[PDB]
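To be precise, the following lines are structure_13.cif, and they hold mmCIF, C-alpha atoms and all ligand atoms.
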data_upload
#
loop_
_atom_site.label_atom_id
_atom_site.label_comp_id
_atom_site.auth_asym_id
_atom_site.auth_seq_id
_atom_site.Cartn_x
_atom_site.Cartn_y
_atom_site.Cartn_z
CA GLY Z 224 132.21 144.22 107.08
CA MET Z 225 131.15 145.18 103.57
CA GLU Z 226 133.31 142.32 102.38
CA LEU Z 227 130.96 139.99 104.23
CA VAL Z 228 127.85 141.55 102.66
CA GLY Z 229 129.33 140.96 99.22
CA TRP Z 230 129.75 137.31 100.17
CA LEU Z 231 126.24 136.90 101.61
CA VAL Z 232 124.76 138.43 98.48
CA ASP Z 233 126.82 136.17 96.27
CA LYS Z 234 125.82 133.10 98.31
CA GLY Z 235 122.21 134.22 98.70
CA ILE Z 236 122.42 133.93 102.47
CA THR Z 237 119.70 135.84 104.25
CA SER Z 238 119.95 134.52 107.79
CA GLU Z 239 122.58 133.48 110.28
CA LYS Z 240 120.91 130.07 110.44
CA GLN Z 241 121.26 129.68 106.69
CA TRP Z 242 124.83 130.93 106.79
CA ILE Z 243 125.63 128.25 109.34
CA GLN Z 244 123.57 125.51 107.65
CA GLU Z 245 125.26 126.15 104.31
CA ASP Z 246 128.79 127.11 105.29
CA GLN Z 247 129.36 126.48 108.98
CA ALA Z 248 133.04 126.64 108.14
CA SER Z 249 133.07 130.27 106.97
CA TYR Z 250 130.81 131.29 109.84
CA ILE Z 251 133.26 130.00 112.42
CA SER Z 252 136.22 131.53 110.58
CA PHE Z 253 134.49 134.89 110.27
CA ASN Z 254 133.42 134.96 113.91
CA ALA Z 255 136.38 133.48 115.55
CA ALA Z 256 137.85 135.92 118.01
CA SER Z 257 134.42 137.46 118.47
CA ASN Z 258 130.83 137.21 117.38
CA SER Z 259 129.87 140.80 116.83
CA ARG Z 260 126.11 140.40 117.07
CA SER Z 261 125.52 143.80 115.63
CA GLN Z 262 128.02 143.51 112.79
CA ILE Z 263 126.46 140.16 111.88
CA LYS Z 264 122.94 141.59 111.94
CA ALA Z 265 123.95 144.64 109.90
CA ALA Z 266 125.67 142.54 107.24
CA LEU Z 267 122.72 140.17 106.98
CA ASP Z 268 120.18 143.01 106.96
CA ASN Z 269 122.23 144.81 104.32
CA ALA Z 270 122.73 141.69 102.22
CA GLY Z 271 119.04 140.92 102.51
CA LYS Z 272 117.94 144.39 101.49
CA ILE Z 273 120.35 144.28 98.56
CA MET Z 274 119.00 140.86 97.44
CA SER Z 275 115.30 141.45 98.00
CA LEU Z 276 115.35 144.95 96.53
CA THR Z 277 117.74 144.57 93.61
CA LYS Z 278 118.87 141.01 92.90
CA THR Z 279 117.01 138.58 90.69
CA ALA Z 280 116.29 134.86 90.55
CA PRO Z 281 118.93 134.19 87.84
CA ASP Z 282 121.69 135.31 90.19
CA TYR Z 283 120.77 132.35 92.39
CA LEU Z 284 119.03 129.86 90.10
CA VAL Z 285 121.92 129.74 87.65
CA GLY Z 286 124.57 127.60 89.27
CA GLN Z 287 128.12 128.92 89.46
CA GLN Z 288 129.59 125.48 88.76
CA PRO Z 289 129.78 123.60 85.45
CA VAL Z 290 127.33 120.77 85.02
CA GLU Z 291 129.08 118.03 83.12
CA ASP Z 292 126.42 115.38 83.44
CA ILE Z 293 122.88 116.85 83.37
CA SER Z 294 121.29 113.40 82.67
CA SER Z 295 121.21 112.57 86.40
CA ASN Z 296 119.43 115.85 87.18
CA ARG Z 297 115.91 115.28 88.53
CA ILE Z 298 114.43 118.29 86.73
CA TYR Z 299 115.98 117.12 83.46
CA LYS Z 300 114.56 113.62 84.05
CA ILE Z 301 111.05 114.79 84.91
CA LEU Z 302 110.93 116.92 81.75
CA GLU Z 303 112.28 113.97 79.77
CA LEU Z 304 109.74 111.53 81.21
CA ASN Z 305 106.92 113.71 79.91
CA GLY Z 306 108.13 114.23 76.35
CA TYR Z 307 109.83 117.59 76.70
CA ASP Z 308 113.12 118.37 75.05
CA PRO Z 309 114.98 119.09 78.32
CA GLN Z 310 117.21 121.62 76.54
CA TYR Z 311 114.23 123.42 75.07
CA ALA Z 312 112.34 123.17 78.36
CA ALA Z 313 115.36 124.46 80.30
CA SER Z 314 115.45 127.44 77.98
CA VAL Z 315 111.83 128.17 78.85
CA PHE Z 316 112.73 127.96 82.53
CA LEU Z 317 115.88 130.01 81.98
CA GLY Z 318 114.09 132.75 80.05
CA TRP Z 319 111.29 132.56 82.59
CA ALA Z 320 113.67 133.22 85.47
CA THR Z 321 115.22 136.11 83.53
CA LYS Z 322 111.87 137.72 82.57
CA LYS Z 323 112.77 137.14 78.92
CA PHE Z 324 109.32 136.38 77.56
CA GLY Z 325 107.38 139.58 78.14
CA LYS Z 326 103.88 138.90 79.42
CA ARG Z 327 104.65 135.16 79.44
CA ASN Z 328 106.07 135.68 82.93
CA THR Z 329 104.52 132.53 84.41
CA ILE Z 330 105.39 128.87 84.09
CA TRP Z 331 102.48 126.60 84.76
CA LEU Z 332 103.26 123.08 85.85
CA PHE Z 333 100.05 121.18 85.29
CA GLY Z 334 99.34 117.54 85.89
CA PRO Z 335 97.85 114.89 88.20
CA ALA Z 336 99.34 114.37 91.64
CA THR Z 337 102.81 112.89 92.09
CA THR Z 338 104.15 114.08 88.75
CA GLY Z 339 106.88 116.21 90.32
CA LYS Z 340 105.15 119.60 89.97
CA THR Z 341 105.64 120.66 93.59
CA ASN Z 342 109.02 118.93 93.72
CA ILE Z 343 110.27 121.26 91.01
CA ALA Z 344 108.44 124.45 91.92
CA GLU Z 345 109.36 124.20 95.59
CA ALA Z 346 112.98 123.39 94.84
CA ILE Z 347 113.15 126.47 92.62
CA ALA Z 348 111.42 128.72 95.17
CA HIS Z 349 113.75 127.50 97.88
CA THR Z 350 116.80 128.05 95.72
CA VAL Z 351 116.24 131.81 95.52
CA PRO Z 352 116.93 133.88 98.68
CA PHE Z 353 113.43 135.41 98.49
CA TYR Z 354 110.28 133.78 97.17
CA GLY Z 355 106.64 134.37 97.97
CA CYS Z 356 103.55 132.20 97.80
CA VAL Z 357 100.15 133.45 96.69
CA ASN Z 358 97.91 133.14 99.75
CA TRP Z 359 94.28 132.62 98.75
CA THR Z 360 93.08 131.85 102.29
CA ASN Z 361 93.62 135.58 102.70
CA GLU Z 362 90.98 136.93 100.30
CA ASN Z 363 91.86 140.50 101.32
CA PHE Z 364 95.62 140.32 100.68
CA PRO Z 365 96.39 137.24 98.50
CA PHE Z 366 99.75 138.69 97.46
CA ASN Z 367 100.98 140.22 100.75
CA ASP Z 368 103.80 137.66 100.73
CA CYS Z 369 104.75 138.49 97.13
CA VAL Z 370 106.60 141.76 97.57
CA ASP Z 371 110.31 142.05 96.82
CA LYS Z 372 110.59 138.36 95.88
CA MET Z 373 112.62 136.69 93.10
CA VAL Z 374 110.05 133.99 92.44
CA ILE Z 375 106.36 133.80 93.23
CA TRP Z 376 104.95 130.34 93.63
CA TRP Z 377 101.20 129.97 93.26
CA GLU Z 378 100.76 126.50 94.78
CA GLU Z 379 97.07 126.37 95.69
CA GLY Z 380 93.74 128.13 95.54
CA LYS Z 381 91.68 129.68 92.81
CA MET Z 382 91.92 133.27 91.65
CA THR Z 383 89.05 135.48 92.80
CA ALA Z 384 87.34 137.99 90.51
CA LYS Z 385 88.25 140.81 92.94
CA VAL Z 386 91.97 140.25 92.33
CA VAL Z 387 92.02 138.89 88.76
CA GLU Z 388 93.37 142.14 87.33
CA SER Z 389 96.16 142.22 89.91
CA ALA Z 390 96.69 138.52 89.22
CA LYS Z 391 96.98 139.14 85.49
CA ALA Z 392 99.56 141.84 86.26
CA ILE Z 393 101.67 139.60 88.48
CA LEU Z 394 101.39 136.55 86.23
CA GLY Z 395 102.19 138.88 83.32
CA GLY Z 396 105.19 140.58 84.86
CA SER Z 397 103.69 144.08 84.94
CA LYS Z 398 104.33 146.11 88.09
CA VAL Z 399 101.21 146.43 90.24
CA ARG Z 400 100.10 147.56 93.70
CA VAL Z 401 98.73 145.25 96.38
CA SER Z 408 100.49 150.32 99.60
CA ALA Z 409 103.17 147.89 98.66
CA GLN Z 410 103.97 147.17 95.04
CA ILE Z 411 104.89 143.99 93.20
CA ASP Z 412 107.60 144.55 90.60
CA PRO Z 413 107.80 142.06 87.73
CA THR Z 414 108.52 138.68 89.27
CA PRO Z 415 108.67 135.25 87.62
CA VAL Z 416 105.63 133.27 88.75
CA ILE Z 417 105.46 129.50 88.89
CA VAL Z 418 102.02 127.92 89.18
CA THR Z 419 101.59 124.25 90.10
CA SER Z 420 98.12 122.67 90.03
CA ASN Z 421 96.29 119.47 89.19
CA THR Z 422 93.36 121.57 88.04
CA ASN Z 423 92.58 124.35 85.58
CA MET Z 424 93.81 127.26 87.66
CA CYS Z 425 92.52 129.65 84.99
CA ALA Z 426 89.16 129.20 86.71
CA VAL Z 427 88.10 132.40 88.48
CA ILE Z 428 85.77 132.50 91.47
CA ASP Z 429 83.22 135.31 91.71
CA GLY Z 430 81.04 134.46 94.70
CA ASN Z 431 79.00 131.41 93.67
CA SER Z 432 80.14 131.82 90.07
CA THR Z 433 83.16 130.13 88.53
CA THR Z 434 84.20 131.80 85.28
CA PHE Z 435 86.62 130.95 82.51
CA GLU Z 436 86.22 134.34 80.89
CA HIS Z 437 89.73 135.19 82.08
CA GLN Z 438 91.24 132.02 80.72
CA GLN Z 439 92.70 133.52 77.56
CA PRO Z 440 94.11 136.57 79.35
CA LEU Z 441 95.65 134.20 81.88
CA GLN Z 442 97.22 131.72 79.51
CA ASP Z 443 98.65 134.58 77.43
CA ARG Z 444 100.93 135.14 80.44
CA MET Z 445 101.93 131.53 80.85
CA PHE Z 446 104.11 128.71 79.56
CA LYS Z 447 102.31 125.47 80.29
CA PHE Z 448 104.09 122.19 80.93
CA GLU Z 449 101.90 119.11 81.33
CA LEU Z 450 103.47 116.58 83.72
CA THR Z 451 101.32 113.46 83.68
CA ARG Z 452 103.90 110.73 84.29
CA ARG Z 453 103.31 109.71 87.91
CA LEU Z 454 106.70 109.55 89.61
CA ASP Z 455 107.86 106.62 91.71
CA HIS Z 456 107.71 107.31 95.45
CA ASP Z 457 111.46 106.75 95.21
CA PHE Z 458 112.30 109.48 92.65
CA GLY Z 459 113.59 111.88 95.29
CA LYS Z 460 113.32 115.60 96.03
CA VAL Z 461 114.83 118.05 93.54
CA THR Z 462 117.67 119.62 95.51
CA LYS Z 463 118.87 123.21 95.55
CA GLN Z 464 122.02 122.09 93.73
CA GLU Z 465 119.91 120.37 91.07
CA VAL Z 466 118.05 123.59 90.50
CA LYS Z 467 121.38 125.39 90.18
CA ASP Z 468 122.78 122.81 87.76
CA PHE Z 469 119.61 122.74 85.72
CA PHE Z 470 119.57 126.52 85.18
CA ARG Z 471 123.34 126.61 84.65
CA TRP Z 472 123.02 123.84 82.08
CA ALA Z 473 120.12 125.74 80.51
CA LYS Z 474 122.30 128.82 80.23
CA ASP Z 475 125.19 126.88 78.69
CA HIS Z 476 122.87 125.25 76.13
CA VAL Z 477 120.17 127.85 75.55
CA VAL Z 478 118.01 127.42 72.47
CA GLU Z 479 115.34 129.64 70.98
CA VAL Z 480 111.93 129.34 72.62
CA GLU Z 481 108.55 130.07 71.08
CA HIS Z 482 106.31 132.47 73.01
CA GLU Z 483 103.46 130.00 73.17
CA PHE Z 484 101.12 128.96 75.82
CA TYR Z 485 101.76 125.29 75.36
CA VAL Z 486 105.43 124.42 75.65
CA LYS Z 487 105.99 122.18 72.64
CA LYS Z 488 106.80 118.48 73.10
CA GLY Z 489 109.94 117.99 71.02
CA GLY Z 490 113.25 119.34 69.75
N1 LIG I 501 110.23 116.24 100.11
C1 LIG I 501 110.38 115.25 99.29
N2 LIG I 501 111.26 114.22 99.60
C2 LIG I 501 111.47 113.12 98.77
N3 LIG I 501 110.84 112.96 97.59
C3 LIG I 501 109.98 113.95 97.27
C4 LIG I 501 109.69 115.09 98.03
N4 LIG I 501 108.78 115.87 97.41
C5 LIG I 501 108.51 115.21 96.27
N5 LIG I 501 109.21 114.05 96.15
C6 LIG I 501 109.15 113.07 95.00
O1 LIG I 501 108.43 113.65 93.91
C7 LIG I 501 107.28 112.88 93.51
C8 LIG I 501 106.12 113.84 93.21
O2 LIG I 501 105.69 114.66 94.36
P1 LIG I 501 105.38 116.25 94.29
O3 LIG I 501 105.12 115.93 95.74
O4 LIG I 501 106.70 116.48 93.62
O5 LIG I 501 104.23 115.82 93.30
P2 LIG I 501 103.04 116.70 92.68
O6 LIG I 501 103.22 116.64 91.20
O7 LIG I 501 101.78 116.06 93.17
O8 LIG I 501 103.18 118.17 93.26
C9 LIG I 501 107.04 111.88 94.66
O9 LIG I 501 106.59 110.64 94.06
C10 LIG I 501 108.40 111.79 95.38
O10 LIG I 501 109.18 110.65 95.00
#
Could you take the file, read its structure, and then write that structure out as structure tokens?
Ligand SMILES: Nc1ncnc2c1ncn2[C@@H]1O[C@H](COP(=O)(O)OP(=O)(O)O)[C@@H](O)[C@H]1O
Amino acid sequence: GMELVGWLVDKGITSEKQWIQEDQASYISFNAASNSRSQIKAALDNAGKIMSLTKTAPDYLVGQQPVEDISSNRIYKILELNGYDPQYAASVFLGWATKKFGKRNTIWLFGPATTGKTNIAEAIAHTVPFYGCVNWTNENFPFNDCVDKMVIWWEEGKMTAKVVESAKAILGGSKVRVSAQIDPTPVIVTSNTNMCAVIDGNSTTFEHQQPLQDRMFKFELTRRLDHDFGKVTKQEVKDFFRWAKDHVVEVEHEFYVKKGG
């Protein structure tokens, strides 16, 4: 019962499918004489409510296992390829996941296509039990999917003038309403364009550029990756953040993430 919920929360398992996909073994053990369909649902619902309402990205991004060799880690490599001190960069990511940098609550992965921006952002978003994506096709409710999430991934679309203030709040980690409210949540933006551009009808303005970049850490990934590089895996995310935690260095609260030690 409640022993199972503790486990689901620890493992970040929100659905029976996931539970089976990730640990088919424990699912069969647990259910063995019987498959209480109600007990299962209750545990999952409870675990999910506990995770979405009170847990944070770090609980799932930071791997539980030691990372002896981080050099093989795709995230580490991508950062390295572009001139970033992976240890310093990891600290930015670590502090970012832990809402350590005040208004700088957003990591912006900028760069031309095939640089690994989506590879990283999506791996991270899929590592946490609950993540939301900013939906610009829905001009009315662009953040509907961003409630009670551990990571918000802004993958596409431009910010509209009608939501810029809300956007600044979310990107800046300040609670804001969208009926339903978005508590501070680490945002990761991936784009090949200046997403600080704001659309107001026929007008495109950069007047909100400074406010916007005051809430971001910007990484510039320009090194096109070989089609062979591979997808950053959930485990790689875990190892990367665990490694970051075990080797954290001081980070400067600056828009541009420096390129060096
Ligand atoms: N699902 C995936 N499976 C295998 N490799 C992937 C996957 N997604 C990304 N990659 C790798 O990452 C590189 C960059 O693609 P992403 O799609 O990461 O790039 P972008 O920077 O344009 O968002 C590709 O060259 C590819 O090798």
> Between Z:298, Z:357, Z:374, Z:256, which has the minimum distance to residue 282 in chain Z (counting all atoms listed in the file)?
Replying inline: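 Smallest distance to residue 282 in chain Z is found for Z:374.
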>> Which residue is closest to ligand LIG 501 (chain I)? Choose from Z:328, Z:247, Z:462, Z:262 and count all atoms listed in the file.
In response: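 Closest residue, counting all atoms listed in the file: Z:462.
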May I have a table of the residues of chain Z lying at most 8 Å from ligand LIG 501 (chain I), giving each one's closest pair of atoms and their distance in Å to one decimal, counting all atoms listed in the file, ordered by chain and ascending residue number, as CSV?
residue,atom,partner,partner_atom,distance
Z:334,CA,I:LIG501,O6,6.6
Z:335,CA,I:LIG501,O6,6.4
Z:336,CA,I:LIG501,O7,3.3
Z:337,CA,I:LIG501,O5,3.5
Z:338,CA,I:LIG501,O6,3.7
Z:339,CA,I:LIG501,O4,3.3
Z:340,CA,I:LIG501,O6,3.7
Z:341,CA,I:LIG501,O8,3.5
Z:342,CA,I:LIG501,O4,3.4
Z:343,CA,I:LIG501,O4,6.5
Z:419,CA,I:LIG501,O8,7.0
Z:420,CA,I:LIG501,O8,7.5
Z:421,CA,I:LIG501,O7,7.6
Z:450,CA,I:LIG501,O6,7.5
Z:453,CA,I:LIG501,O9,7.0
Z:454,CA,I:LIG501,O9,4.6
Z:455,CA,I:LIG501,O9,4.8
Z:456,CA,I:LIG501,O10,3.7
Z:457,CA,I:LIG501,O10,4.5
Z:458,CA,I:LIG501,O10,4.1
Z:459,CA,I:LIG501,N3,3.7
Z:460,CA,I:LIG501,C3,3.9
Z:461,CA,I:LIG501,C3,7.4
> Any idea what's packed within 8 Å of residue 411 in chain Z, counting all atoms listed in the file, ignoring anything in its chain fewer than 3 positions away? Could you give it as an NGL selection string?
Replying inline: :Z and (369-371 or 393 or 398-401 or 414)
>> Considering all atoms listed in the file, can you say which of Z:372, Z:234, Z:444, Z:437 comes closest to residue 384 in chain Z?
In response: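 Answer, going by the shortest atom-to-atom distance: Z:437.
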> Smallest atom-to-atom distance to residue 294 in chain Z: which of Z:309, Z:224, Z:381, Z:477, using only C-alpha atoms?
Replying inline: Z:309
>> When you count only C-alpha atoms, which of these residues is closest to residue 483 in chain Z: Z:416, Z:375, Z:330, Z:302?
In response: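 The answer is Z:330, which sits nearest to residue 483 in chain Z.
Minimum atom-to-atom distances from Z:329, Z:314, Z:261, Z:288 to residue 443 in chain Z were compared using all atoms listed in the file, and the lowest value belongs to Z:329.
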>> Can you pull out the residues contacting residue 465 in chain Z? Cut-off 12 Å, using all atoms listed in the file, and skip same-chain residues under 2 positions away; I want them as a ChimeraX atom specification.
In response: /Z:284-290,292-300,342-343,346-347,349-350,459-463,467-473
> What would the list of residues within 7 Å of (121.8, 139.2, 106.7) (file frame) look like as a list in words, if only C-alpha atoms are what count?
Replying inline: residues 236, 237, 238, 239, 264, 265, 266, 267, 268, 269, 270 and 271 of chain Z
>> I'd like the contact shell of residue 447 in chain Z - 7 Å cut-off, all atoms listed in the file, skipping same-chain residues fewer than 3 positions apart - returned as a PyMOL selection string.
In response: chain Z and resi 330-333+484-486
> How far is it from CA of residue 274 in chain Z to CA of residue 445 in chain Z, in Å with one decimal?
Replying inline: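 We find that CA of residue 274 in chain Z and CA of residue 445 in chain Z lie 25.6 Å from each other.
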>> Please report the interatomic distance between CA of residue 311 in chain Z and CA of residue 490 in chain Z in Å with one decimal.
In response: 6.8 Å
>> Residues proximal to (114.4, 126.5, 76.1) were defined as those with any atom within 9 Å of that point in the file's coordinates, counting all atoms listed in the file. Which are they, as a list in words?
In response: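 Checking each residue against the 9 Å limit leaves residues 308, 309, 310, 311, 312, 313, 314, 315, 316, 317, 318, 473, 476, 477, 478, 479, 480 and 481 of chain Z.
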> Leaving out residue 358 in chain Z and any residue of its chain fewer than 4 positions from it, which residues lie within 9 Å of it when counting all atoms listed in the file, given as a PyMOL selection string?
Replying inline: chain Z and resi 362+364-368+377-380
> Separation of CA of residue 361 in chain Z and CA of residue 427 in chain Z, in Å?
Replying inline: 15.6 Å
